[PDB]
Amino acid sequence: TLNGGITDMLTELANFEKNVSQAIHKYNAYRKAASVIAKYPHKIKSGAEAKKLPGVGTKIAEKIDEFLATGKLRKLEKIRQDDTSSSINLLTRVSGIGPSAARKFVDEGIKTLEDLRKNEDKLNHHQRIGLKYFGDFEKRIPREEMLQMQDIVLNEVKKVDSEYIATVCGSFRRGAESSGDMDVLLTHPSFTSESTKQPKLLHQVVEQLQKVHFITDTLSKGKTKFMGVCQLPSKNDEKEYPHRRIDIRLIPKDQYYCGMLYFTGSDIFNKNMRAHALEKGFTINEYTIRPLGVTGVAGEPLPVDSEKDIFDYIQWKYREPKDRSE
DNA sequence: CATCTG
DNA sequence: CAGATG
Ligand code: NA
Ligand code: NA
Ligand code: NA
């Protein structure tokens with residue numbers, strides 16, 4: 001990476017402003033600076049050179065000068081050592097504990113995981129679950145286990161109603177060797193964009209997965225989105241599998257394949273595909289593909305009955321998920 | 001964005 | 001309801 005040193009530095013500062021300082025404008029500035037510099041074609045040799053770029057001002061140019069001159073940034077050295085900053089970063093590794101909660105805890109003298117365990121009364125349900133499975137949630141899920149999880153999800157869903165359509169997306173669908181979690185997209189022909197959100201569609205799937213002891217905990221659960229915890233079964237006297245994060249999203253049938261395309265990624269691929277769509281006079285988002293008029297007017301959602309339909313509209317050869325790296 | 005907390 | 005969270 002041509003200016004990876006500089007962009008790494010800026011990103012670290014961005015995260016500091018967001019997680020510790022809770023200063024949104026500095027976070028934004030650092031992020032924008034990193035993004036612009038990342039696209040810059042030349043090896044930056046001074047803060048002055050970088051300052052010519054949009055989003056790079058006096059303060060960022062100063063830090064670039066120091067990094068190029070000394071190979072380090074004192075501010076970042078101070079931050080890494082700082083007790084309060086380190087405690088915040090640690091606490092925000094617990095699912096449910098964001099920058100706000102972390103600040104509150106650290107102010108109260110809660111600085112470590114053991115401190116949290118001794119103060120579980122101060123945690124909401126989500127935070128308690130995040131703490132309980134802190135280790136498991138930071139583990140990668142081997143494809144082998146994702147396939148076992150998929151086998152349970154698909155078969156239990158089908159058991160509830162053969163008309164359900166369930167698709168495990170994310171990098172897993174692109175053939176990834178490991179996943180961070182399981183993202184399931186669910187739909188049913190009886191659920192479309194215009195009709196009232198039917199509560200039981202999602203609930204019945206969640207209920208069945210709980211019944212067979214696959215889903216173990218619930219972080220959040222509404223009419224269209226479930227966030228929770230699952231665990232593969234084990235035989236008596238064999239070590240248990242780790243607990244894993246799983247999301248299940250109920251999506252309108254008429255928006256399902258657009259949703260599938262979006263949540264399958266990758267991000268780069270999505271960016272490229274949406275770009276080519278615009279060229280062909282189409283606009284693609286998470287929900288729909290619509291014709292785009294020369295005046296900028298967006299047409300009504302085009303009918304989509306498969307991912308291939310989307311590729312066809314924009315005159316693209318269908319791309320298997322495993323070929324959607326970019 | 002969808003959901004939760006207090 | 002605002003603020004927070006993934
Ligand atoms: Na967190
Ligand atoms: Na493993
Ligand atoms: Na606000």
Side-chain angles (χ1 to χ4, degrees), chain A residues 14-15 17-25 27-28 31 87-108 110 116 119-141 168-172 179-188 191-203 205-207 210 215-230 243-252 254-256 258-265 267 270 274 283-288 301:
Chain A
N15 296 331
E17 299 298 352
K18 175 193 173 186
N19 269 244
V20 179
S21 310
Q22 294 184 77
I24 188 60
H25 301 296
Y27 165 72
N28 290 333
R31 272 192 60 185
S87 291
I88 295 179
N89 290 335
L90 170 61
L91 293 193
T92 65
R93 285 164 57 189
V94 181
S95 185
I97 298 182
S100 182
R103 186 87 239 177
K104 175 193 59 179
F105 288 140
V106 172
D107 282 338
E108 292 186 278
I110 301 174
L116 287 174
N119 292 271
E120 202 177 354
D121 57 288
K122 295 182 176 58
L123 281 58
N124 65 36
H125 174 71
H126 188 325
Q127 290 163 345
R128 294 180 187 172
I129 300 297
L131 178 58
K132 180 179 180 177
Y133 306 118
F134 181 94
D136 290 349
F137 290 177
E138 287 193 332
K139 291 178 182 171
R140 300 290 294 177
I141 313 177
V168 184
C169 300
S171 62
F172 163 81
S179 302
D181 58 25
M182 171 166 278
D183 184 16
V184 183
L185 276 58
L186 182 68
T187 194
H188 189 282
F191 178 49
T192 56
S193 292
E194 79 281 347
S195 60
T196 302
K197 294 180 180 177
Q198 188 173 2
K200 267 45 186 177
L201 281 180
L202 183 50
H203 177 265
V205 170
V206 172
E207 189 179 38
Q210 287 172 330
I215 286 182
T216 60
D217 309 88
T218 297
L219 297 172
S220 60
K221 184 177 172 294
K223 297 179 299 294
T224 63
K225 185 62 175 299
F226 170 90
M227 293 171 57
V229 189
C230 63
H243 285 72
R244 311 295 195 176
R245 278 277 292 103
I246 177 176
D247 297 336
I248 305 176
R249 317 166 173 272
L250 179 62
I251 301 182
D254 58 286
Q255 298 178 345
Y256 187 70
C258 281
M260 182 189 304
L261 182 68
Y262 174 76
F263 289 112
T264 289
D267 298 341
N270 289 347
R274 295 190 174 189
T283 176
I284 302 178
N285 63 21
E286 170 187 351
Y287 311 103
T288 58

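All chains are named by letter (A, B, ...) in the order of the sequence lines, taking the proteins before the strands, and each is independently numbered beginning at 1. Values reported hereafter were calculated over all heavy atoms of this structure, with side chains retained and with hydrogens, waters and symmetry mates removed.
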Practice task
Report which part of the nucleic acid A/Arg249 touches: base, sugar-phosphate, or nothing (heavy-atom distance under 4.0 Å, all strands).
Solution key: nothing
Handout entry: Ion pair A/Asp136/A/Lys139, N-O distance below 4.0 Å
Key = yes
Exercise for the section: Measure from CD1 on A/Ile97 to P on C/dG6 and round the result to the nearest Å. Expected result: 9 Å
Using a cut-off of under 3.5 Å, enumerate the N/O to N/O pairs linking the protein to nucleotides 2-4 of chain C.
from	atom 1	to	atom 2	distance (Å)
C/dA4	OP1	A/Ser100	OG	3.4

Exercise for the section: Using distance alone, with no hydrogens and no angle criterion, decide if A/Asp254 and A/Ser193 have a side-chain donor and acceptor under 3.5 Å apart. Expected result: yes
Problem - Atom CZ of A/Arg31 with >12 non-hydrogen neighbours under 6.0 angstrom - result: no
Practice task
Give a yes or no on whether A/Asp107 atom CG has more than 12 heavy-atom contacts from other residues, nucleotides or ligands under 6.0 Å away.
Solution key: yes
Handout entry: Side chain to side chain, A/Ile215 and A/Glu207, heavy atoms closer than 4.5 Å
Key = no
Practice task
For A/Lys221, check side-chain contact (heavy atoms from CB on, under 4.5 Å) against everything at least two apart and list the hits.
Solution key: A/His203, A/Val206, A/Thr218, A/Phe226
Problem - N-O pairing of A/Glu138 and A/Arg93 below 4.0 Å - result: yes
Practice task
Scan nucleotides 1-6 of chain B nucleotide by nucleotide, 5' to 3', and note B when protein non-hydrogen atoms come under 4.0 Å of the base, S if they reach only the sugar-phosphate, - if neither.
Solution key: SSSS--
Handout entry: Greater than 12 external heavy atoms within 6.0 Å of A/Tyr262's OH
Key = no
Exercise for the section: Could you check C/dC1 and say if its sugar is north or south from the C1'-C2'-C3'-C4' sign? Expected result: north
